[PDB]
């Protein structure tokens, strides 16, 4: 159950190069996802809405164990912690996001 939730989160992060944990009607989730889709990352992206899930609290606690925060969006790229939307904005603006994606063969 604790194990089940951890395995499920892990599976999301490990099966998808770009993994975003999000919730319903959240501007910073929407913004982050929109930025990532701007790199045409769709084919390698998975967005999980964790608010529509009976185990929301457990998922958030685990995301905090992994990354230091329980808030959404929580963004992983090839298993590495990017963080939230503000972290993504900083990486994108400073060229770090593009470099990440280049190394993954995702942007030419």
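Positions refer to the first chain, counted from 1.
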Check: From 30, 72, 82, 41, can you pick the one with the highest C-alpha B factor in the entry?
Finding: 41
Checklist line | CA B-factor ranking of residue 86, expressed as a third of its chain | finding: lowest
Note to self: Splitting the chain's C-alpha B-factors into thirds, which one does residue 78 fall into?
What the structure shows: middle
Next item on the list: Can you work out whether the C-alpha temperature factor of residue 13 puts it in the lowest, middle or highest third of the chain?
Entry: middle
Checklist line | Ranked against its chain, the third holding the CA B-factor of residue 46 | finding: middle
